[PDB]
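Engineer: A single structure is presented below for examination.
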Amino acid sequence: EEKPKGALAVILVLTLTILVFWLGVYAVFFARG
Amino acid sequence: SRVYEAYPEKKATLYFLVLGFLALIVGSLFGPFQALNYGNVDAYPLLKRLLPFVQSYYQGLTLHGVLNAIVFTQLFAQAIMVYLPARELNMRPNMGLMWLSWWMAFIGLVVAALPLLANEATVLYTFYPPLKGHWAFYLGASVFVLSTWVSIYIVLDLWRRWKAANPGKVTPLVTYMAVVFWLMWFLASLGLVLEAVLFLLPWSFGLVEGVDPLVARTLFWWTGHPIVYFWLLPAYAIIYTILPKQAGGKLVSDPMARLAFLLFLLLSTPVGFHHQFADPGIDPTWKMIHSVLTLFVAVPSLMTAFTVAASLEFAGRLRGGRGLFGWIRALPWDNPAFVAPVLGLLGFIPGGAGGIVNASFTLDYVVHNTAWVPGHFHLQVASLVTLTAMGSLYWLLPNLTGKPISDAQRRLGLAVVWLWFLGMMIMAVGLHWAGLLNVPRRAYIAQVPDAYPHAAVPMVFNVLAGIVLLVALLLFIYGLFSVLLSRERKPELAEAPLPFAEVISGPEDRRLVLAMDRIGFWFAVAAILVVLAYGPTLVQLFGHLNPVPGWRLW
Amino acid sequence: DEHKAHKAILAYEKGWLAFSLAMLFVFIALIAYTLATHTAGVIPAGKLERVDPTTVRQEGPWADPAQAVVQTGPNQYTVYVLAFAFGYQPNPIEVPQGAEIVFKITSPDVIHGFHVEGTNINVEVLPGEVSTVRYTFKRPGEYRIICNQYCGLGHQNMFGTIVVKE
Ligand code: HAS
Ligand code: HEM
Ligand code: CUA
Ligand SMILES: [Cu+2]
Ligand SMILES: [Xe]
Ligand SMILES: [Xe]
Ligand SMILES: [Xe]
């Protein structure tokens with residue numbers, strides 16, 4: 001029909017869930033450095 | 001059955017299935033207890049009164065590990081990644097061999113089960129040396145695994161045969177996947193084949209007295225990582241080519257799926273060092289090179305994320321899907337075989353987030369050997385792979401036995417499904433928290449209740465889950481056996497063609513798929529990558545072998 | 001419709017993948033950043049250091065607990081730690097904060113884990129191999145070592161102690 005609004009909203013949660021995890025633990029690495 | 005005479009593969013497949021699920025049941029019983037244990041409660045007395053032969057926490061973990069992650073998965077894959085390509089091709093697999101593969105799997109399990117049930121094998125599913133297990137464990141497992149080799153032949157045989165009857169034709173989708181899959185698994189299984197053949201088997205038979213534990217865990221992980229994808233891809237297979245039909249839609253691209261699988265064939269094996277970050281005697285550089293390749297092997301699962309979402313979206317739209325989120329509510333939430341996997345994919349997002357972190361080299365040092373890792377993978381294997389397995393019963397079981405499913409079983413499953421997912425969610429939260437709270441995994445920490453007081457609140461989630469999933473497992477069993485135990489037989493639905501998805505193709509596709517169908521080239525490509533990543537390391541290691549004597553610590 | 005979607009999806013898939021790889025290459029450089037710093041010490045030494053596991057606490061740097069701590073630089077202190085069947089040697093380790101502690105850990109029996117709670121020291125201790133990690137404590141106290149690798153039935157009870165010096 002048009003732009004995959006649903007799928008791009010899914011990959012959003014994903015990429016955000018990725019950054020939370022990766023930045024969230026990337027700081028604990030330096031906080032235990 | 002003229003059904004089985006006309007489709008003997010059906011029978012072989014079924015045996016694989018049941019055996020697998022049987023294995024999943026038994027291995028799953030210890031799961032609630034291991035959850036309660038991680039909630040700081042020690043339910044193991046009760047376990048021991050019920051199951052007398054159980055001697056400790058660690059024997060039940062081994063059994064948990066082995067039956068669930070190893071036996072169950074392998075059997076399923078062997079069932080899916082052979083039956084599906086067969087039916088797609090409408091060709092019969094070499095049945096001598098196929099039946100041979102099953103017995104091997106059966107026999108292998110039996111022989112390996114005994115020393116596990118006899119507390120002769122309390123080593124864990126990883127069986128790291130110098131911890132020494134009974135020969136019949138290492139001989140049992142070897143057989144069982146080798147069973148896959150047969151499966152690899154069988155599938156390749158089919159493939160060669162079909163290419164003959166269709167000269168110049170692109171390999172059909174599922175068959176392409178299965179092909180890459182098994183090749184990929186062949187390459188992956190070497191690592192383990194070596195370990196067992198060179199060290200473990202002669203070690204356990206008496207022939208040597210020592211085995212280098214580093215070279216042992218190096219070879220193990222050569223195989224140890226790709227096997228997780230050996231577990232995954234059969235579910236991926238189903239999600240790509242079967243779920244979209246279930247959802248009322250189509251696969252949105254044949255090339256994309258081919259690509260995903262192609263990347264796995266290339267990037268699955270040469271990443272094992274990610275499991276060995278905390279290890280000594282392995283260059284940090286090669287640990288960086290492997291950390292890069294691991295972030296790369298996540299690309300395939302990134303592609304899948306989109307491709308499947310779009311298809312599911314597409315599906316919801318054809319159903320009467322509203323706005324940004326309508327399509328979702330348009331989906332068949334009444335159909336298990338739809339619900340099960342979709343839930344798994346949800347939990348996968350956290351799972352795969354967990355894996356990207358574990359793969360970032362230095363960041364591993366925060367969570368290694370902690371209960372964060374069981375949290376990571378229970379989303380992966382115990383959630384997505386298992387649910388998928390479960391839900392696929394609803395089209396598969398009927399397609400094999402002819403036994404239709406009553407509406408009551410159909411809702412029974414929907415309950416099993418939700419509980420299992422929910423419980424998986426709770427625990428996921430309860431093992432991730434305590435993980436960052438330095439609680440180590442593989443631990444009977446309910447025998448030391450005051451060791452970890454800062455994990456107060458997560459210990460609760462673990463408890464909850466334990467219960468949740470204890471119920472879910474029960475109902476499954478009941479739901480499971482209700483189906484297999486009924487004498488309703490509709491020999492027409494057994495003959496019903498498998499509900500494969502239709503595939504939206506494009507103009508560009510042709511030349512791209514044509515490239516990908518260069519399998520013999522990609523295989524050697526994949527073979528070269530492993531040599532380049534392991535080669536260097538393994539040479540020095542076999543130059544400086546320092547075998548140490550075996551220990552029994554149970 | 002259906003063929004219209006196909007080119008729409010395969011067009012944001014191309015833009016999703018570009019973004020994906022850019023995002024991963026930012027992780028690579030933010031991993032390539034932690035490799036040039038002082039934090040990159042807790043990485044086990046790459047060069048092989050073979051030892052016998054059956055004559056470690058009889059002859060050599062791990063025989064005598066007392067000689068565990070040894071100044072080897074102006075502000076460097078090479079500890080020789082010995083991860084064994086449910087326990088650590090020396091217990092407790094005693095080293096000054098602000099100093100560069102270069103641990104050299106092995107085992108006489110099976111594999112052990114050397115996890116210092118609150119730090120980045122997390123290394124696998126292998127029989128017949130020396131596990132060599134560099135670290136600088138910048139906080140005082142009693143640091144707890146946990147054995148994160150299943151080493152038998154007394155594995156959940158194997159803990160250590162590093163009293164850094166205040
Ligand atoms: C099948 C089971 C498994 C999968 C899959 C898996 C995936 C990964 N793993 Fe892993 N793993 C590691 C890295 C990864 C990475 C980078 C990935 C990647 O493949 C993951 C990429 C996945 C994604 C990036 C997510 C894609 C999400 C999708 C596709 C879902 C979208 C959902 C939709 C679209 C639904 C929407 C629908 C609606 C209705 C809204 C590392 C580190 O590098 C360790 C070592 C940790 C340690 O030190 O012990 C590790 C450890 C393990 C262990 C412990 C083994 C042991 O006993 O010692 C197991 C069993 C395991 C299994 C599995 N693992 N892993
Ligand atoms: C009945 C539901 C289940 C529950 C409540 C459960 C719970 C747990 C818990 C709490 C652990 C951590 C044990 C520890 O660190 O000491 C664990 C380990 C594990 N689980 Fe499960 N589990 C379940 C089913 C499954 C399934 C279906 C699979 C995969 C097919 C699986 C695979 C594994 C593996 C491979 C381990 C690690 C074993 C080891 O380290 O030796 N589990 N489980
Ligand atoms: Cu060393 Cu547990
Ligand atoms: Cu892995
Ligand atoms: Xe097995
Ligand atoms: Xe084995
Ligand atoms: Xe594994």
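By order of appearance in the structure tokens: chains A, B, ..., then residues from 1 within every chain, and ligands from 1 in the order shown.
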Write down as a PyMOL selection string the residues of stretch 57-161 of chain C whose backbone DSSP state falls under strand (DSSP E or B).

Structural biologist: chain C and resi 69-71+76-82+84+87+93-96+100-106+112-116+122-125+129+131-135+143+145-146+159

Engineer: May I have all residues of stretch 40-89 of chain B that DSSP, computed from the backbone, assigns to alpha helix (DSSP H), given as an MDAnalysis selection string?

Structural biologist: chainID B and resid 44:50 57:65 73:89

Engineer: Write the residues of the selection above to a file with C-alpha atoms, as a JSON list (two decimals), in the first residue's frame.

Structural biologist:
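Written output follows (result.json):
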```
[["chain", "number", "residue", "atom", "x", "y", "z"],
["B", 44, "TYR", "CA", 15.69, -29.70, 45.65],
["B", 45, "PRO", "CA", 14.76, -31.93, 48.59],
["B", 46, "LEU", "CA", 11.28, -32.28, 47.04],
["B", 47, "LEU", "CA", 12.81, -32.96, 43.64],
["B", 48, "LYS", "CA", 14.96, -35.69, 45.20],
["B", 49, "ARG", "CA", 11.99, -37.37, 46.98],
["B", 50, "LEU", "CA", 10.09, -37.41, 43.68],
["B", 57, "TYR", "CA", 21.82, -29.53, 41.60],
["B", 58, "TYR", "CA", 24.57, -29.98, 39.05],
["B", 59, "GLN", "CA", 23.44, -33.34, 37.71],
["B", 60, "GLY", "CA", 19.98, -31.80, 37.05],
["B", 61, "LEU", "CA", 21.58, -28.88, 35.22],
["B", 62, "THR", "CA", 23.61, -31.20, 33.01],
["B", 63, "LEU", "CA", 20.41, -33.13, 32.27],
["B", 64, "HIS", "CA", 18.67, -29.82, 31.76],
["B", 65, "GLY", "CA", 21.35, -28.56, 29.38],
["B", 73, "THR", "CA", 17.22, -29.00, 19.20],
["B", 74, "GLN", "CA", 19.26, -31.40, 17.13],
["B", 75, "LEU", "CA", 16.33, -33.76, 16.66],
["B", 76, "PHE", "CA", 14.00, -30.94, 15.64],
["B", 77, "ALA", "CA", 16.45, -29.53, 13.13],
["B", 78, "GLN", "CA", 16.92, -33.04, 11.75],
["B", 79, "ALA", "CA", 13.16, -33.26, 11.44],
["B", 80, "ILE", "CA", 12.53, -29.81, 9.97],
["B", 81, "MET", "CA", 15.58, -29.30, 7.76],
["B", 82, "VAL", "CA", 15.00, -32.60, 6.02],
["B", 83, "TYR", "CA", 11.20, -32.96, 5.84],
["B", 84, "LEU", "CA", 10.54, -29.42, 4.67],
["B", 85, "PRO", "CA", 12.94, -29.44, 1.75],
["B", 86, "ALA", "CA", 11.64, -32.90, 0.83],
["B", 87, "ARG", "CA", 7.98, -31.89, 0.63],
["B", 88, "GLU", "CA", 8.84, -28.66, -1.19],
["B", 89, "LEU", "CA", 10.64, -30.69, -3.76]]
```

Engineer: Show me which residues are within 10 Å of ligand 3 counting only C-alpha atoms and all ligand atoms, and format the list as a ChimeraX atom specification.

Structural biologist: /B:440,442-443 /C:83-88,107,109-114,124-125,146-159

Engineer: Could you report the residues within 9 Å of ligand 6, using only C-alpha atoms and all ligand atoms, as a list in words?

Structural biologist: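 Counting only C-alpha atoms and all ligand atoms, the residues within 9 Å of ligand 6 come out as residues 127, 135, 137, 138, 139, 140, 141, 142, 143, 144, 145, 192, 193, 195, 196, 197, 200 and 201 of chain B.
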
Engineer: Looking at B:235, B:259, B:436, B:508, which one is nearest to residue A:29, with distances taken over only C-alpha atoms?

Structural biologist: B:436

Engineer: So what do you get for atom CA of residue B:27 versus atom CA of residue B:66, distance-wise?

Structural biologist: 7.4 Å

Engineer: Figure out the distance between atom CA of residue B:261 and atom CA of residue B:170, please, to one decimal in Å.

Structural biologist: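 Computing the Euclidean distance for atom CA of residue B:170 and atom CA of residue B:261 yields 15.4 Å.
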
Engineer: Would you kindly return, as a PyMOL selection string, each protein, DNA or RNA residue with an atom no farther than 7 Å from any atom of stretch 350-359 of chain B, considering only C-alpha atoms and excluding same-chain residues fewer than 5 positions away?

Structural biologist: (chain A and resi 17-18+21-22) or (chain B and resi 274+291+294-295+364+376-377+379-380)

Engineer: Env of residue B:91: 12 Å cut, atoms = only C-alpha atoms, seq-sep filter 2 positions within chain, self excluded. Answer as a list in words.

Structural biologist: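 In the requested form, the answer reads residues 6, 7, 8, 9, 10, 82, 83, 84, 85, 86, 87, 88, 89, 93, 94, 95, 154, 155, 157, 158, 159, 160, 161, 162, 163, 165 and 175 of chain B.
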
Engineer: Hey, what's within 12 Å of residue B:18 if we count only C-alpha atoms and toss same-chain stuff fewer than 5 positions away? As a PyMOL selection string, please?

Structural biologist: chain B and resi 11-13+23-25+71-72+75-76+79+102+106+389-390+393+396-397+400-401+480-481+483-484

Engineer: Store the residues of this selection in a file with N, CA and C atoms, as a PDB file, in the first residue's frame.

Structural biologist:
```pdb
ATOM      1  N   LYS B  11       6.752 -40.659   8.483  1.00  0.00           N
ATOM      2  CA  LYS B  11       7.004 -41.488   9.664  1.00  0.00           C
ATOM      3  C   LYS B  11       8.349 -41.143  10.324  1.00  0.00           C
ATOM      4  N   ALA B  12       9.434 -41.219   9.548  1.00  0.00           N
ATOM      5  CA  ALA B  12      10.766 -40.907  10.060  1.00  0.00           C
ATOM      6  C   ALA B  12      10.767 -39.558  10.771  1.00  0.00           C
ATOM      7  N   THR B  13      10.141 -38.567  10.143  1.00  0.00           N
ATOM      8  CA  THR B  13      10.052 -37.224  10.697  1.00  0.00           C
ATOM      9  C   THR B  13       9.383 -37.250  12.055  1.00  0.00           C
ATOM     10  N   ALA B  23      12.405 -35.534  24.911  1.00  0.00           N
ATOM     11  CA  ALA B  23      13.628 -35.013  25.470  1.00  0.00           C
ATOM     12  C   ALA B  23      13.422 -33.625  26.069  1.00  0.00           C
ATOM     13  N   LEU B  24      12.596 -32.807  25.420  1.00  0.00           N
ATOM     14  CA  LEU B  24      12.325 -31.447  25.903  1.00  0.00           C
ATOM     15  C   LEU B  24      11.579 -31.439  27.240  1.00  0.00           C
ATOM     16  N   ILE B  25      10.559 -32.294  27.327  1.00  0.00           N
ATOM     17  CA  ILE B  25       9.799 -32.531  28.547  1.00  0.00           C
ATOM     18  C   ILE B  25      10.774 -32.743  29.718  1.00  0.00           C
ATOM     19  N   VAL B  71      19.757 -32.384  22.764  1.00  0.00           N
ATOM     20  CA  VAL B  71      18.978 -33.459  22.187  1.00  0.00           C
ATOM     21  C   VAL B  71      17.795 -32.903  21.419  1.00  0.00           C
ATOM     22  N   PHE B  72      16.966 -32.142  22.125  1.00  0.00           N
ATOM     23  CA  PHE B  72      15.746 -31.579  21.570  1.00  0.00           C
ATOM     24  C   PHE B  72      16.038 -30.844  20.273  1.00  0.00           C
ATOM     25  N   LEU B  75      17.366 -32.908  17.216  1.00  0.00           N
ATOM     26  CA  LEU B  75      16.326 -33.764  16.661  1.00  0.00           C
ATOM     27  C   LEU B  75      15.342 -32.971  15.816  1.00  0.00           C
ATOM     28  N   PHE B  76      14.945 -31.806  16.325  1.00  0.00           N
ATOM     29  CA  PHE B  76      13.997 -30.943  15.638  1.00  0.00           C
ATOM     30  C   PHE B  76      14.563 -30.514  14.295  1.00  0.00           C
ATOM     31  N   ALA B  79      14.508 -33.057  11.914  1.00  0.00           N
ATOM     32  CA  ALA B  79      13.159 -33.262  11.435  1.00  0.00           C
ATOM     33  C   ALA B  79      12.763 -32.166  10.458  1.00  0.00           C
ATOM     34  N   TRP B 102      18.061 -41.718  12.422  1.00  0.00           N
ATOM     35  CA  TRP B 102      17.223 -41.728  13.613  1.00  0.00           C
ATOM     36  C   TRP B 102      17.758 -42.662  14.689  1.00  0.00           C
ATOM     37  N   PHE B 106      18.799 -42.073  18.280  1.00  0.00           N
ATOM     38  CA  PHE B 106      18.195 -42.825  19.366  1.00  0.00           C
ATOM     39  C   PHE B 106      19.271 -43.524  20.208  1.00  0.00           C
ATOM     40  N   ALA B 389       8.845 -24.326  17.991  1.00  0.00           N
ATOM     41  CA  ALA B 389       8.745 -25.769  17.970  1.00  0.00           C
ATOM     42  C   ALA B 389       7.352 -26.179  18.392  1.00  0.00           C
ATOM     43  N   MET B 390       6.944 -25.661  19.546  1.00  0.00           N
ATOM     44  CA  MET B 390       5.632 -25.952  20.107  1.00  0.00           C
ATOM     45  C   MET B 390       4.496 -25.637  19.106  1.00  0.00           C
ATOM     46  N   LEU B 393       3.608 -27.620  16.050  1.00  0.00           N
ATOM     47  CA  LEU B 393       2.908 -28.870  16.264  1.00  0.00           C
ATOM     48  C   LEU B 393       1.534 -28.857  15.628  1.00  0.00           C
ATOM     49  N   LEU B 396       1.986 -29.318  11.939  1.00  0.00           N
ATOM     50  CA  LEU B 396       2.918 -30.388  11.663  1.00  0.00           C
ATOM     51  C   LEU B 396       2.417 -31.728  12.143  1.00  0.00           C
ATOM     52  N   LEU B 397       2.042 -31.778  13.411  1.00  0.00           N
ATOM     53  CA  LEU B 397       1.584 -33.016  13.994  1.00  0.00           C
ATOM     54  C   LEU B 397       0.445 -33.585  13.149  1.00  0.00           C
ATOM     55  N   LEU B 400       1.452 -35.082   9.853  1.00  0.00           N
ATOM     56  CA  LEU B 400       2.157 -36.353   9.937  1.00  0.00           C
ATOM     57  C   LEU B 400       1.242 -37.518  10.317  1.00  0.00           C
ATOM     58  N   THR B 401       0.440 -37.322  11.383  1.00  0.00           N
ATOM     59  CA  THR B 401      -0.424 -38.386  11.949  1.00  0.00           C
ATOM     60  C   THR B 401      -1.838 -38.458  11.390  1.00  0.00           C
ATOM     61  N   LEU B 480      -0.037 -31.831  25.018  1.00  0.00           N
ATOM     62  CA  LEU B 480       0.760 -32.654  24.133  1.00  0.00           C
ATOM     63  C   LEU B 480       0.170 -34.064  24.011  1.00  0.00           C
ATOM     64  N   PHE B 481       0.139 -34.766  25.140  1.00  0.00           N
ATOM     65  CA  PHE B 481      -0.301 -36.157  25.180  1.00  0.00           C
ATOM     66  C   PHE B 481      -1.772 -36.361  24.849  1.00  0.00           C
ATOM     67  N   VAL B 483      -3.191 -34.966  22.506  1.00  0.00           N
ATOM     68  CA  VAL B 483      -3.201 -35.004  21.047  1.00  0.00           C
ATOM     69  C   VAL B 483      -2.712 -36.347  20.517  1.00  0.00           C
ATOM     70  N   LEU B 484      -1.555 -36.767  21.023  1.00  0.00           N
ATOM     71  CA  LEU B 484      -0.873 -37.980  20.576  1.00  0.00           C
ATOM     72  C   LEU B 484      -1.577 -39.250  21.027  1.00  0.00           C
TER      73      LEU B 484
END
```

Engineer: Could you list, as an MDAnalysis selection string, all the residues within 12 Å of ligand 7, counting only C-alpha atoms and all ligand atoms?

Structural biologist: chainID B and resid 65:66 68:71 73:74 124:128 188:189 192 217 219:231 272 275 374 377 381

Engineer: What would the file look like if the residues just selected were written as a compact mmCIF listing (two decimals), in the first residue's frame with N, CA and C atoms?

Structural biologist:
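Okay, again-v3.txt is ready:
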```txt
# COMPACT_ATOMS: atom_id res chain seq x y z
N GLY B 65 20.58 -28.97 30.54
CA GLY B 65 21.35 -28.56 29.38
C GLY B 65 21.25 -29.55 28.24
N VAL B 66 21.64 -30.79 28.50
CA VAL B 66 21.80 -31.78 27.45
C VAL B 66 20.50 -32.13 26.74
N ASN B 68 17.49 -30.51 26.76
CA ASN B 68 16.85 -29.37 26.11
C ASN B 68 17.67 -28.80 24.94
N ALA B 69 18.81 -28.18 25.25
CA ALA B 69 19.61 -27.48 24.25
C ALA B 69 20.25 -28.40 23.20
N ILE B 70 20.53 -29.64 23.57
CA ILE B 70 21.29 -30.52 22.69
C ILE B 70 20.43 -31.55 21.99
N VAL B 71 19.76 -32.38 22.76
CA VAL B 71 18.98 -33.46 22.19
C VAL B 71 17.79 -32.90 21.42
N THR B 73 16.92 -29.85 20.35
CA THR B 73 17.22 -29.00 19.20
C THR B 73 17.70 -29.81 18.01
N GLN B 74 18.70 -30.65 18.23
CA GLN B 74 19.26 -31.40 17.13
C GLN B 74 18.19 -32.22 16.43
N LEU B 124 28.19 -31.06 32.92
CA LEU B 124 27.46 -30.02 32.18
C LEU B 124 27.48 -30.29 30.68
N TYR B 125 26.60 -29.61 29.95
CA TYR B 125 26.45 -29.82 28.51
C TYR B 125 27.69 -29.34 27.74
N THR B 126 28.57 -28.62 28.42
CA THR B 126 29.81 -28.12 27.83
C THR B 126 30.99 -29.05 28.07
N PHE B 127 30.86 -29.92 29.06
CA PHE B 127 31.87 -30.94 29.38
C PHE B 127 33.32 -30.50 29.21
N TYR B 128 33.66 -29.36 29.80
CA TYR B 128 35.04 -28.91 29.80
C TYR B 128 35.92 -29.87 30.57
N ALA B 188 30.74 -26.38 10.78
CA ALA B 188 30.70 -26.10 12.19
C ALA B 188 31.07 -27.32 13.04
N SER B 189 30.61 -28.50 12.62
CA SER B 189 30.74 -29.69 13.46
C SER B 189 32.16 -30.23 13.55
N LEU B 192 34.03 -29.76 16.97
CA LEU B 192 33.63 -30.73 17.98
C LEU B 192 34.07 -32.14 17.62
N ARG B 217 38.78 -26.35 24.78
CA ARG B 217 37.69 -25.38 24.73
C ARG B 217 37.76 -24.45 23.51
N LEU B 219 38.50 -25.78 20.29
CA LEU B 219 37.81 -26.62 19.32
C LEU B 219 36.33 -26.71 19.61
N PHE B 220 35.99 -26.76 20.90
CA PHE B 220 34.60 -26.84 21.32
C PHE B 220 33.79 -25.65 20.83
N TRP B 221 34.38 -24.46 20.90
CA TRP B 221 33.68 -23.23 20.52
C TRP B 221 33.69 -22.92 19.03
N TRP B 222 34.68 -23.46 18.34
CA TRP B 222 34.63 -23.53 16.89
C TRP B 222 33.24 -24.01 16.53
N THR B 223 32.80 -25.08 17.18
CA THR B 223 31.47 -25.64 16.99
C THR B 223 30.43 -24.96 17.89
N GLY B 224 30.85 -24.63 19.10
CA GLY B 224 29.93 -24.16 20.13
C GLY B 224 29.05 -22.98 19.77
N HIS B 225 29.55 -22.08 18.92
CA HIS B 225 28.71 -20.97 18.56
C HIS B 225 27.80 -21.29 17.38
N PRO B 226 28.37 -21.76 16.27
CA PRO B 226 27.53 -22.05 15.13
C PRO B 226 26.38 -22.99 15.46
N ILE B 227 26.59 -23.91 16.39
CA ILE B 227 25.50 -24.82 16.74
C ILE B 227 24.27 -24.06 17.21
N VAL B 228 24.46 -22.93 17.89
CA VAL B 228 23.32 -22.15 18.31
C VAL B 228 22.52 -21.74 17.09
N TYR B 229 23.22 -21.54 15.97
CA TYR B 229 22.57 -21.21 14.71
C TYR B 229 22.09 -22.45 14.03
N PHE B 230 22.70 -23.57 14.39
CA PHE B 230 22.18 -24.85 13.99
C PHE B 230 20.83 -25.05 14.64
N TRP B 231 20.66 -24.50 15.84
CA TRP B 231 19.37 -24.52 16.53
C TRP B 231 18.39 -23.52 15.90
N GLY B 272 33.88 -18.11 17.20
CA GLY B 272 33.91 -18.78 18.50
C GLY B 272 34.67 -18.11 19.64
N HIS B 275 33.22 -16.56 22.80
CA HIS B 275 32.95 -17.40 23.95
C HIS B 275 34.20 -17.58 24.80
N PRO B 374 22.50 -16.85 31.03
CA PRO B 374 21.27 -17.67 30.96
C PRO B 374 20.04 -16.85 30.58
N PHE B 377 20.20 -16.22 26.73
CA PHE B 377 19.87 -17.32 25.86
C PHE B 377 18.48 -17.91 26.03
N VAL B 381 17.03 -19.45 22.76
CA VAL B 381 16.67 -20.86 22.58
C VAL B 381 15.37 -21.26 23.28
```

Engineer: Atom CA of residue B:31 to atom CA of residue B:408: how many Å, to one decimal?

Structural biologist: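 So the two atoms, atom CA of residue B:31 and atom CA of residue B:408, lie 26.8 Å apart.
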
Engineer: Enumerate as a PyMOL selection string the residues belonging to chain B that approach chain A to within 9 Å, with only C-alpha atoms taken into account.

Structural biologist: chain B and resi 302+305-314+317+323-328+349-350+352-354+356-357+360+362-363+365-366

Engineer: Using only C-alpha atoms, find the one residue out of C:72, C:132, C:55, C:120 that sits nearest to chain A.

Structural biologist: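 Ranked by minimum distance to chain A, first place goes to C:120.
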
Engineer: Which residues, written as a list in words, have at least one atom at most 10 Å from residue C:65, with only C-alpha atoms counted and residues fewer than 2 positions away on the same chain left out?

Structural biologist: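 Contacts, with the query itself left out: residues 57, 61, 62, 63, 67, 68, 69, 80, 81, 82, 89, 90, 91 and 93 of chain C.
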
Engineer: Counting only C-alpha atoms, which residues from chain B have an atom at most 8 Å from any atom of chain C, and could you show them as an mmCIF file with C-alpha atoms, in the first residue's frame?

Structural biologist:
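Dumped everything to selection-v4.cif:
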```
data_model
loop_
_atom_site.group_PDB
_atom_site.id
_atom_site.type_symbol
_atom_site.label_atom_id
_atom_site.label_comp_id
_atom_site.auth_asym_id
_atom_site.auth_seq_id
_atom_site.Cartn_x
_atom_site.Cartn_y
_atom_site.Cartn_z
ATOM 1 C CA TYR B 58 24.571 -29.976 39.048
ATOM 2 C CA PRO B 129 38.154 -30.844 30.735
ATOM 3 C CA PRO B 130 39.865 -31.587 33.146
ATOM 4 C CA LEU B 131 36.442 -32.565 34.563
ATOM 5 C CA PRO B 213 41.980 -27.753 28.449
ATOM 6 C CA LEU B 214 42.577 -24.629 26.278
ATOM 7 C CA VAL B 252 7.787 -10.085 0.928
ATOM 8 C CA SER B 253 11.091 -11.129 -0.632
ATOM 9 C CA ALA B 278 37.933 -14.353 29.362
ATOM 10 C CA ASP B 279 40.417 -17.027 28.248
ATOM 11 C CA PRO B 280 44.209 -16.811 28.600
ATOM 12 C CA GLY B 281 46.755 -17.721 25.868
ATOM 13 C CA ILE B 282 44.639 -16.308 23.027
ATOM 14 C CA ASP B 283 45.923 -13.117 21.412
ATOM 15 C CA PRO B 284 43.740 -10.068 22.164
ATOM 16 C CA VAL B 292 34.140 -7.818 14.638
ATOM 17 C CA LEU B 295 28.870 -8.188 15.236
ATOM 18 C CA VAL B 299 23.581 -8.561 10.390
ATOM 19 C CA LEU B 302 18.997 -7.645 11.540
ATOM 20 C CA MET B 303 17.768 -8.283 7.972
ATOM 21 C CA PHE B 306 12.775 -6.175 8.964
ATOM 22 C CA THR B 307 11.812 -8.738 6.327
ATOM 23 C CA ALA B 310 7.164 -6.167 6.857
ATOM 24 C CA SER B 360 31.600 -6.317 22.185
ATOM 25 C CA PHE B 361 34.898 -7.788 23.549
ATOM 26 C CA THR B 362 35.738 -5.724 26.646
ATOM 27 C CA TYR B 365 33.974 -8.801 31.262
ATOM 28 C CA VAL B 366 30.926 -7.285 32.927
ATOM 29 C CA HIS B 368 30.711 -13.334 31.649
ATOM 30 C CA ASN B 369 29.660 -16.506 33.570
ATOM 31 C CA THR B 370 27.003 -14.524 35.386
ATOM 32 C CA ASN B 438 27.515 -10.381 39.931
ATOM 33 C CA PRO B 440 27.344 -16.317 38.817
ATOM 34 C CA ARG B 441 25.464 -18.763 36.666
ATOM 35 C CA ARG B 442 25.767 -22.546 37.020
ATOM 36 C CA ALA B 443 25.323 -22.033 40.742
ATOM 37 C CA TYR B 444 23.401 -23.807 43.508
ATOM 38 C CA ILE B 445 23.034 -20.449 45.425
ATOM 39 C CA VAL B 448 24.243 -20.445 50.344
ATOM 40 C CA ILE B 504 6.490 -11.862 -3.594
ATOM 41 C CA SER B 505 9.321 -11.630 -6.095
ATOM 42 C CA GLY B 506 10.752 -8.648 -8.003
ATOM 43 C CA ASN B 546 50.163 -29.081 27.788
ATOM 44 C CA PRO B 547 47.753 -31.927 28.704
ATOM 45 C CA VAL B 548 46.696 -32.256 32.365
ATOM 46 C CA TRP B 551 39.320 -34.926 37.806
ATOM 47 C CA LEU B 553 34.449 -33.291 41.361
ATOM 48 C CA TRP B 554 31.053 -34.779 42.163
#
```
